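**Student:** A single structure is presented below for examination.
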Amino acid sequence: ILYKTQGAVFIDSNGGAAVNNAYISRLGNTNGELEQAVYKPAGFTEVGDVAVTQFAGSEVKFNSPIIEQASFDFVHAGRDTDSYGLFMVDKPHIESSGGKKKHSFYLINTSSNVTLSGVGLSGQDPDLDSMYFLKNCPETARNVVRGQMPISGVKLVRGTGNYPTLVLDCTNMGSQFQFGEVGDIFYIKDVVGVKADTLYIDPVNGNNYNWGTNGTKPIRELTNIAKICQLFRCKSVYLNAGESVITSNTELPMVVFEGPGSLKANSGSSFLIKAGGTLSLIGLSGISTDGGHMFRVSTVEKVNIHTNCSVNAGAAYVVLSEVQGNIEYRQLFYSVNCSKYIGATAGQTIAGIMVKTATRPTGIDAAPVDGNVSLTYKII
Amino acid sequence: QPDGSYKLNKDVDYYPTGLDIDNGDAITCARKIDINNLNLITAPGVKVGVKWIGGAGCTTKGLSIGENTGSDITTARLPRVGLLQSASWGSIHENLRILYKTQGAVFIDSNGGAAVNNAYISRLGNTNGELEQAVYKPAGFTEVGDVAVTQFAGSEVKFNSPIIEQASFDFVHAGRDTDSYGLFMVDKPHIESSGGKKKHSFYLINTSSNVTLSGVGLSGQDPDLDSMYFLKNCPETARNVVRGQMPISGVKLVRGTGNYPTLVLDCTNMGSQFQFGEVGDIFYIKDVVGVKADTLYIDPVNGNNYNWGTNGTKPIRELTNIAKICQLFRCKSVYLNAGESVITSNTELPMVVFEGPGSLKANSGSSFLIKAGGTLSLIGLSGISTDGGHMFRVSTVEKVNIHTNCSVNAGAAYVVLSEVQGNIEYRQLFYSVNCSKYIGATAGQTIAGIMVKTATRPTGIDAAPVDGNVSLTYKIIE
């Protein structure tokens, strides 16, 4: 199909239908972005030519399509009632002159299974163009990505709606961590068979579009660092120079933090500890808060907090347990300031404390925790 | 031509590249060509059956090349190279049937979106097949032997359910020289060869791949050299993903060259490969999803490092990769068969239960390395000792528990040296222990708890069981 506005449109009942080795191309992409789709689901309101459009419950199988010069390679909506209609594309060969493109898979209220073949791109707008756009896909939906990412860097995903649905299933990422972008990490639901050792943060030069798992492409904010480390099984977080801040309670992953950066909780906010393990701050320029307790622990699992950097909780505590907790805190050298090292909101939390520095609130050597904490050991 | 004119190519070896088209150096005149059931036979010795050059969007169904003349291949009416294809994006070959002598089909340069569906490609028997020298092949492929399917220079043809028979090499595939572009894609290859003669099935050079195994295949008769996969210089960013079902008969999975592992087992149905097959070279496995094993078996006397190690009848021999192997297959324990399992350089131990009659030994001043939190348990072993180095070097800040229920001798060194600001609990149960300190640290404070429950211990350090860089949380002695 050589087309001007839309290549092929698939609507309503098409069960078991197949489209094999299609070759669908606009005649060049000049003014392609100004075409207006004629037959389209109500949820697709974007301007731009569309190679393949599918909606209203249609579930055609697309096997190895070649798609050329399109603003949108695929627009697919699930059925309005129940999101029925799986978007299925196996090894699409997607290309466009000058790298002009808006989205390759614009997916509305739907699930999908796509296998990439290493051929593809994202468009030139550094903000809006992405391989996937997930629009209002429901909580039970899954948009599964297998195969090989393009060799050249792309922005993977953007979306609207309250639920993540993108799944990386052993996706071959190539050099995307270094040269591409995730776009909006919010929309990734889970990741299988893809790992990275370290997440890089840079509050000055970082960019939140980045994956963050390659040092040349750090992210900027702390908002999603627990999510990202959980997804890619990161062992460390590296904080580049400057102050990494939160203004709302934010989870920290249980890993080693290193680098010249510092951590700051503002607006009365706290860092949240939600999983067992060890949190280590090693060699940072420091951590402090402007008035909230520093770490709020909401897990009953064994938590070790290891601070080898400057610590200042002011009038608040280094650790507040919101549950019946089990905590070991160790301060190594540098300095620490707080009214109590550890406290808890109710009836007992067991804790062990070591504070190895002369620069500490000496006056609480004899009473280092509030009444709701009982000590297993105290090494000061 | 030099003068700016154009002449029809009559050169047998010529094929156009994407570059040639763009330069204007070549213009394809092959559009709207369709083949349906053509049988092509050839006098013995003919170089090439079909040149599918520039055939973008052209299609084929039931194209048969080569005659099954008889048992003697040198006299058979078939070409040396069945099919040579380039610049044929969007072409489709259905039910291709090639009987060849040297190379079945060759795909080079731009073939974007091309498919080869249900091909049947076979040499006419494997007699002297190993001596065939491939004619059109990437520079990185220097081996001798016939090749059913060859692909290089950025060609990425989708192979759907091919049947490949009697080949020394089933597939030789190289990624593009500059950027490793060109995914090797084969869904369900049906691979057989008489007398089980074979070099490799997937010889992959500087490339990624996605292969779904269907349950039909083998590896060659050479016990050291023959393996299903050969991964030659695949880059750090490449992945060679293996899905589907392993062959019923044991095979050797993988060998390679280069410094980066790229093979991925993605819910691969291993069948009984742990018991009857071999990994070959564990170095080249990058990661494993949905494949598990409870126990890793080591046998310094009778083991073979080609083995998976996860079945008791096929233990591996050395300790070098036991941490890597336990991480991949999520092993819960390691069984040491009788004998001394030794290291001569610093080697990581997985945080699992070690049992069996074997002993562990660190020679040449080496140490066992503890790099992750959890519990390392040595239960009922014939002992662990070093010839002078610290026994366990801890480089993680996570909670580490060390539980030794066997004889322990670190000599003048420590049982545990923390190289970090550690958090260690050590317990010695019965048997005997010897060391200068149970726990020490390279620097500034490491918290520890210790229990030593045996009378055979260095009693002189009951009072100072750990060095000055370690602070005790509890101490249970006597």
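Following the order of the structure tokens, first chain is A, next is B, and so on, with residues numbered from 1 inside each chain and ligands from 1 in the order they appear.
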Using only C-alpha atoms, which residues of chain A come within 10 Å of chain B, and what is the closest atom pair for each, with the distance in Å to one decimal? Give it as a Markdown table, sorted by chain and residue number.
**Tutor:**
```
| residue | atom | partner | partner_atom | distance |
| --- | --- | --- | --- | --- |
| A:21 | CA | B:90 | CA | 7.5 |
| A:22 | CA | B:90 | CA | 8.7 |
| A:23 | CA | B:90 | CA | 7.6 |
| A:64 | CA | B:113 | CA | 6.7 |
| A:65 | CA | B:113 | CA | 7.5 |
| A:66 | CA | B:113 | CA | 6.4 |
| A:67 | CA | B:113 | CA | 9.9 |
| A:91 | CA | B:113 | CA | 8.6 |
| A:92 | CA | B:113 | CA | 8.1 |
| A:93 | CA | B:113 | CA | 6.2 |
| A:94 | CA | B:113 | CA | 9.6 |
| A:117 | CA | B:183 | CA | 6.8 |
| A:118 | CA | B:183 | CA | 6.7 |
| A:119 | CA | B:112 | CA | 8.9 |
| A:146 | CA | B:210 | CA | 9.9 |
| A:147 | CA | B:210 | CA | 7.3 |
| A:148 | CA | B:183 | CA | 7.9 |
| A:150 | CA | B:181 | CA | 9.0 |
| A:151 | CA | B:181 | CA | 7.0 |
| A:152 | CA | B:179 | CA | 9.9 |
| A:169 | CA | B:266 | CA | 9.1 |
| A:170 | CA | B:266 | CA | 7.3 |
| A:171 | CA | B:239 | CA | 9.1 |
| A:172 | CA | B:239 | CA | 6.0 |
| A:173 | CA | B:237 | CA | 7.5 |
| A:174 | CA | B:237 | CA | 4.7 |
| A:175 | CA | B:237 | CA | 6.0 |
| A:176 | CA | B:237 | CA | 9.2 |
| A:192 | CA | B:289 | CA | 7.7 |
| A:193 | CA | B:289 | CA | 6.3 |
| A:194 | CA | B:287 | CA | 8.9 |
| A:195 | CA | B:287 | CA | 9.6 |
| A:254 | CA | B:398 | CA | 9.7 |
| A:255 | CA | B:398 | CA | 9.0 |
| A:256 | CA | B:397 | CA | 8.3 |
| A:277 | CA | B:398 | CA | 7.1 |
| A:278 | CA | B:398 | CA | 5.6 |
| A:279 | CA | B:398 | CA | 8.6 |
| A:280 | CA | B:397 | CA | 7.7 |
| A:282 | CA | B:421 | CA | 9.6 |
| A:302 | CA | B:399 | CA | 9.7 |
| A:303 | CA | B:399 | CA | 9.8 |
| A:304 | CA | B:398 | CA | 8.0 |
| A:305 | CA | B:398 | CA | 9.9 |
| A:306 | CA | B:397 | CA | 8.4 |
| A:308 | CA | B:421 | CA | 8.8 |
| A:328 | CA | B:423 | CA | 9.8 |
| A:330 | CA | B:447 | CA | 8.6 |
| A:332 | CA | B:445 | CA | 7.6 |
| A:333 | CA | B:444 | CA | 8.4 |
| A:352 | CA | B:473 | CA | 8.5 |
| A:353 | CA | B:473 | CA | 9.5 |
| A:354 | CA | B:447 | CA | 8.1 |
| A:356 | CA | B:445 | CA | 7.9 |
| A:376 | CA | B:473 | CA | 8.3 |
| A:377 | CA | B:473 | CA | 5.9 |
| A:378 | CA | B:473 | CA | 8.0 |
| A:379 | CA | B:471 | CA | 7.8 |
```
**Student:** Would you kindly return, as a VMD selection string, each protein, DNA or RNA residue with an atom no farther than 8 Å from any atom of region 451-468 of chain B, considering only C-alpha atoms and excluding same-chain residues fewer than 4 positions away?
**Tutor:** chain B and resid 426 to 441 445 475 to 478
**Student:** Excluding same-chain residues fewer than 3 positions from region 289-298 of chain A, what lies within 10 Å of it counting only C-alpha atoms, as an MDAnalysis selection string?
**Tutor:** chainID A and resid 245:247 249:252 263:276 301 303 305 311:327 338 342:344
**Student:** Report the residues of region 47-264 of chain B whose backbone DSSP state falls under strand (DSSP E), written as a PyMOL selection string.
**Tutor:** chain B and resi 48-53+59-61+64-65+81-86+92-94+97-100+103-108+115-117+120-123+147-152+158-160+163-165+169-174+184-187+190-192+200-205+209-214+227-232+240-245+252-257+263-264
**Student:** Between CA of residue 87 (chain A) and CA of residue 115 (chain A), what is the distance, to one decimal in Å?
**Tutor:**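 For CA of residue 87 (chain A) relative to CA of residue 115 (chain A), the distance reads 11.3 Å.
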**Student:** Using only C-alpha atoms, find the one residue out of B:27, B:351, B:157, B:106 that sits nearest to residue 326 (chain B).
**Tutor:**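 Closest to residue 326 (chain B) of all the choices is B:351.
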**Student:** One decimal, Å: what's the distance from CA of residue 133 (chain A) over to CA of residue 184 (chain A), could you say?
**Tutor:**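 Going from CA of residue 133 (chain A) over to CA of residue 184 (chain A) covers 9.9 Å.
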**Student:** Can you tell me, as a ChimeraX atom specification, what residues are no more than 8 Å from residue 61 (chain B) when counting only C-alpha atoms, ignoring any on the same chain fewer than 5 positions away?
**Tutor:** /B:35-37,93-96
**Student:** Just the selected residues (N, CA and C atoms), exported as a JSON list (two decimals), in the first residue's frame, please.
**Tutor:**
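Printed below is part33.json as written:
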```json
[["chain", "number", "residue", "atom", "x", "y", "z"],
["B", 35, "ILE", "N", 8.30, -16.55, -9.08],
["B", 35, "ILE", "CA", 8.57, -17.93, -9.42],
["B", 35, "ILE", "C", 7.64, -18.86, -8.66],
["B", 36, "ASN", "N", 7.07, -19.83, -9.37],
["B", 36, "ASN", "CA", 6.18, -20.81, -8.76],
["B", 36, "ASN", "C", 6.51, -22.23, -9.21],
["B", 37, "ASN", "N", 7.26, -22.95, -8.37],
["B", 37, "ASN", "CA", 7.60, -24.37, -8.56],
["B", 37, "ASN", "C", 8.74, -24.70, -9.54],
["B", 93, "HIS", "N", 10.76, -16.03, 0.01],
["B", 93, "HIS", "CA", 10.92, -17.37, -0.56],
["B", 93, "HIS", "C", 10.13, -18.38, 0.27],
["B", 94, "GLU", "N", 9.09, -18.95, -0.32],
["B", 94, "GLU", "CA", 8.29, -19.99, 0.35],
["B", 94, "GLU", "C", 8.67, -21.37, -0.16],
["B", 95, "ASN", "N", 8.82, -22.32, 0.76],
["B", 95, "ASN", "CA", 9.12, -23.70, 0.39],
["B", 95, "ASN", "C", 10.32, -23.84, -0.53],
["B", 96, "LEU", "N", 11.34, -23.03, -0.29],
["B", 96, "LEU", "CA", 12.61, -23.14, -0.98],
["B", 96, "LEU", "C", 13.22, -24.52, -0.70]]
```
**Student:** Mind giving me the straight-line distance from CA of residue 7 (chain A) to CA of residue 159 (chain A) in Å, one decimal?
**Tutor:**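 For CA of residue 7 (chain A) relative to CA of residue 159 (chain A), the distance reads 24.3 Å.
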**Student:** Check the smallest atom-to-atom distance from each of A:211, A:39, A:334, A:232 to residue 281 (chain A) using only C-alpha atoms, then report the winner.
**Tutor:** A:334
**Student:** Which of these residues is nearest to residue 71 (chain A), using only C-alpha atoms: A:348, A:106, A:88, A:59?
**Tutor:**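 Closest candidate: A:106.
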**Student:** When DSSP works through the backbone of this structure, what residues of region 203-429 of chain B end up as helix (DSSP H, G or I), shown as a count of residues only?
**Tutor:** 15
**Student:** Env of residue 204 (chain A): 10 Å cut, atoms = only C-alpha atoms, seq-sep filter 6 positions within chain, self excluded. Answer as an mmCIF file with N, CA and C atoms, in the first residue's frame.
**Tutor:**
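Listing of result09.cif after writing:
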```cif
data_model
loop_
_atom_site.group_PDB
_atom_site.id
_atom_site.type_symbol
_atom_site.label_atom_id
_atom_site.label_comp_id
_atom_site.auth_asym_id
_atom_site.auth_seq_id
_atom_site.Cartn_x
_atom_site.Cartn_y
_atom_site.Cartn_z
ATOM 1 N N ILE A 219 20.027 10.448 35.256
ATOM 2 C CA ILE A 219 18.757 11.130 35.438
ATOM 3 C C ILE A 219 18.958 12.303 36.375
ATOM 4 N N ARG A 220 17.897 13.065 36.613
ATOM 5 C CA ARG A 220 18.003 14.311 37.374
ATOM 6 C C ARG A 220 17.408 14.258 38.790
ATOM 7 N N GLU A 221 16.238 13.637 38.932
ATOM 8 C CA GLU A 221 15.464 13.682 40.176
ATOM 9 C C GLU A 221 15.522 12.359 40.946
ATOM 10 N N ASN A 240 26.059 12.470 41.464
ATOM 11 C CA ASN A 240 26.972 13.494 40.975
ATOM 12 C C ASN A 240 26.863 14.728 41.854
ATOM 13 N N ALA A 241 27.816 15.641 41.696
ATOM 14 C CA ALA A 241 27.893 16.845 42.515
ATOM 15 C C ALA A 241 26.608 17.661 42.546
ATOM 16 N N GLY A 242 26.349 18.263 43.699
ATOM 17 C CA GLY A 242 25.136 19.035 43.896
ATOM 18 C C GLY A 242 24.200 18.377 44.897
ATOM 19 N N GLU A 243 23.125 19.080 45.213
ATOM 20 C CA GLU A 243 22.163 18.608 46.180
ATOM 21 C C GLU A 243 20.978 17.911 45.518
ATOM 22 N N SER A 244 20.841 16.612 45.780
ATOM 23 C CA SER A 244 19.659 15.872 45.349
ATOM 24 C C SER A 244 18.582 15.984 46.416
#
```
**Student:** At a cut-off of 7 Å, using only C-alpha atoms, what residues contact region 66-83 of chain B? Leave out same-chain residues fewer than 4 positions from it and give the result as a list in words.
**Tutor:**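 Contacts, with the query itself left out: residues 40, 41, 42, 43, 44, 45, 46, 47, 48, 49, 50, 51, 98, 99, 100, 101, 102, 103, 104, 105, 106 and 124 of chain B.
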**Student:** Go ahead and save the residues from that selection, with N, CA, C and O atoms, as a PDB file, in the first residue's frame.
**Tutor:**
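The result, stored in result.pdb:
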```
ATOM      1  N   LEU B  40      15.312 -26.353 -10.915  1.00  0.00           N
ATOM      2  CA  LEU B  40      16.555 -26.031 -11.585  1.00  0.00           C
ATOM      3  C   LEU B  40      17.594 -27.067 -11.225  1.00  0.00           C
ATOM      4  O   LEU B  40      17.934 -27.236 -10.043  1.00  0.00           O
ATOM      5  N   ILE B  41      18.078 -27.784 -12.233  1.00  0.00           N
ATOM      6  CA  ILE B  41      19.186 -28.696 -12.016  1.00  0.00           C
ATOM      7  C   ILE B  41      20.380 -28.185 -12.794  1.00  0.00           C
ATOM      8  O   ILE B  41      20.258 -27.323 -13.666  1.00  0.00           O
ATOM      9  N   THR B  42      21.544 -28.704 -12.459  1.00  0.00           N
ATOM     10  CA  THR B  42      22.758 -28.064 -12.877  1.00  0.00           C
ATOM     11  C   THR B  42      23.784 -29.161 -13.144  1.00  0.00           C
ATOM     12  O   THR B  42      23.752 -30.196 -12.510  1.00  0.00           O
ATOM     13  N   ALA B  43      24.660 -28.973 -14.122  1.00  0.00           N
ATOM     14  CA  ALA B  43      25.749 -29.929 -14.298  1.00  0.00           C
ATOM     15  C   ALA B  43      26.641 -29.926 -13.045  1.00  0.00           C
ATOM     16  O   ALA B  43      26.832 -28.881 -12.428  1.00  0.00           O
ATOM     17  N   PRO B  44      27.181 -31.096 -12.669  1.00  0.00           N
ATOM     18  CA  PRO B  44      28.128 -31.168 -11.548  1.00  0.00           C
ATOM     19  C   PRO B  44      29.219 -30.125 -11.714  1.00  0.00           C
ATOM     20  O   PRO B  44      29.745 -29.965 -12.811  1.00  0.00           O
ATOM     21  N   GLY B  45      29.521 -29.389 -10.652  1.00  0.00           N
ATOM     22  CA  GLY B  45      30.611 -28.436 -10.692  1.00  0.00           C
ATOM     23  C   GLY B  45      30.229 -27.001 -10.966  1.00  0.00           C
ATOM     24  O   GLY B  45      31.069 -26.105 -10.839  1.00  0.00           O
ATOM     25  N   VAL B  46      28.980 -26.771 -11.376  1.00  0.00           N
ATOM     26  CA  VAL B  46      28.502 -25.411 -11.614  1.00  0.00           C
ATOM     27  C   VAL B  46      28.588 -24.617 -10.311  1.00  0.00           C
ATOM     28  O   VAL B  46      28.237 -25.120  -9.248  1.00  0.00           O
ATOM     29  N   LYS B  47      29.073 -23.384 -10.396  1.00  0.00           N
ATOM     30  CA  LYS B  47      29.301 -22.584  -9.198  1.00  0.00           C
ATOM     31  C   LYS B  47      28.027 -22.177  -8.434  1.00  0.00           C
ATOM     32  O   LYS B  47      27.898 -22.439  -7.230  1.00  0.00           O
ATOM     33  N   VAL B  48      27.095 -21.530  -9.127  1.00  0.00           N
ATOM     34  CA  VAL B  48      25.913 -20.974  -8.473  1.00  0.00           C
ATOM     35  C   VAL B  48      24.632 -21.315  -9.228  1.00  0.00           C
ATOM     36  O   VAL B  48      24.564 -21.135 -10.447  1.00  0.00           O
ATOM     37  N   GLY B  49      23.614 -21.792  -8.507  1.00  0.00           N
ATOM     38  CA  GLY B  49      22.314 -22.064  -9.105  1.00  0.00           C
ATOM     39  C   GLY B  49      21.550 -20.792  -9.443  1.00  0.00           C
ATOM     40  O   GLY B  49      21.365 -20.464 -10.620  1.00  0.00           O
ATOM     41  N   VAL B  50      21.112 -20.059  -8.419  1.00  0.00           N
ATOM     42  CA  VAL B  50      20.332 -18.837  -8.642  1.00  0.00           C
ATOM     43  C   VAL B  50      20.952 -17.593  -8.010  1.00  0.00           C
ATOM     44  O   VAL B  50      21.282 -17.592  -6.819  1.00  0.00           O
ATOM     45  N   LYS B  51      21.110 -16.537  -8.808  1.00  0.00           N
ATOM     46  CA  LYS B  51      21.534 -15.230  -8.301  1.00  0.00           C
ATOM     47  C   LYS B  51      20.326 -14.322  -8.095  1.00  0.00           C
ATOM     48  O   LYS B  51      19.832 -13.707  -9.051  1.00  0.00           O
ATOM     49  N   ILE B  98      16.750 -26.600  -1.559  1.00  0.00           N
ATOM     50  CA  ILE B  98      18.076 -26.529  -2.127  1.00  0.00           C
ATOM     51  C   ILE B  98      18.865 -27.761  -1.742  1.00  0.00           C
ATOM     52  O   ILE B  98      18.942 -28.131  -0.571  1.00  0.00           O
ATOM     53  N   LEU B  99      19.423 -28.414  -2.750  1.00  0.00           N
ATOM     54  CA  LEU B  99      20.350 -29.500  -2.534  1.00  0.00           C
ATOM     55  C   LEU B  99      21.675 -28.965  -3.050  1.00  0.00           C
ATOM     56  O   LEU B  99      21.792 -28.593  -4.222  1.00  0.00           O
ATOM     57  N   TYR B 100      22.664 -28.865  -2.169  1.00  0.00           N
ATOM     58  CA  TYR B 100      23.888 -28.168  -2.524  1.00  0.00           C
ATOM     59  C   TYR B 100      25.137 -29.005  -2.254  1.00  0.00           C
ATOM     60  O   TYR B 100      25.061 -30.074  -1.655  1.00  0.00           O
ATOM     61  N   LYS B 101      26.286 -28.501  -2.688  1.00  0.00           N
ATOM     62  CA  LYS B 101      27.552 -29.183  -2.450  1.00  0.00           C
ATOM     63  C   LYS B 101      28.424 -28.426  -1.441  1.00  0.00           C
ATOM     64  O   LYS B 101      28.996 -29.033  -0.532  1.00  0.00           O
ATOM     65  N   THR B 102      28.500 -27.105  -1.598  1.00  0.00           N
ATOM     66  CA  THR B 102      29.369 -26.267  -0.772  1.00  0.00           C
ATOM     67  C   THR B 102      28.605 -25.300   0.158  1.00  0.00           C
ATOM     68  O   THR B 102      28.879 -25.229   1.361  1.00  0.00           O
ATOM     69  N   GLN B 103      27.666 -24.543  -0.406  1.00  0.00           N
ATOM     70  CA  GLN B 103      26.829 -23.630   0.375  1.00  0.00           C
ATOM     71  C   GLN B 103      25.412 -23.659  -0.176  1.00  0.00           C
ATOM     72  O   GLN B 103      25.217 -23.595  -1.390  1.00  0.00           O
ATOM     73  N   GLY B 104      24.426 -23.751   0.713  1.00  0.00           N
ATOM     74  CA  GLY B 104      23.035 -23.812   0.298  1.00  0.00           C
ATOM     75  C   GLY B 104      22.534 -22.467  -0.188  1.00  0.00           C
ATOM     76  O   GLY B 104      22.302 -22.287  -1.383  1.00  0.00           O
ATOM     77  N   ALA B 105      22.380 -21.519   0.737  1.00  0.00           N
ATOM     78  CA  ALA B 105      21.907 -20.182   0.398  1.00  0.00           C
ATOM     79  C   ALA B 105      22.768 -19.144   1.095  1.00  0.00           C
ATOM     80  O   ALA B 105      23.228 -19.362   2.212  1.00  0.00           O
ATOM     81  N   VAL B 106      22.996 -18.026   0.422  1.00  0.00           N
ATOM     82  CA  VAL B 106      23.830 -16.961   0.959  1.00  0.00           C
ATOM     83  C   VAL B 106      23.106 -15.636   0.849  1.00  0.00           C
ATOM     84  O   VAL B 106      22.637 -15.265  -0.232  1.00  0.00           O
ATOM     85  N   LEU B 124      23.843 -33.023  -0.202  1.00  0.00           N
ATOM     86  CA  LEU B 124      23.513 -34.383  -0.582  1.00  0.00           C
ATOM     87  C   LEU B 124      24.468 -35.302   0.164  1.00  0.00           C
ATOM     88  O   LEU B 124      25.503 -35.695  -0.369  1.00  0.00           O
TER      89      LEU B 124
END
```
**Student:** Between B:350, B:256, B:18, B:383, which one has atoms that come closest to residue 206 (chain B), using only C-alpha atoms?
**Tutor:**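 Nearest to residue 206 (chain B): B:256.
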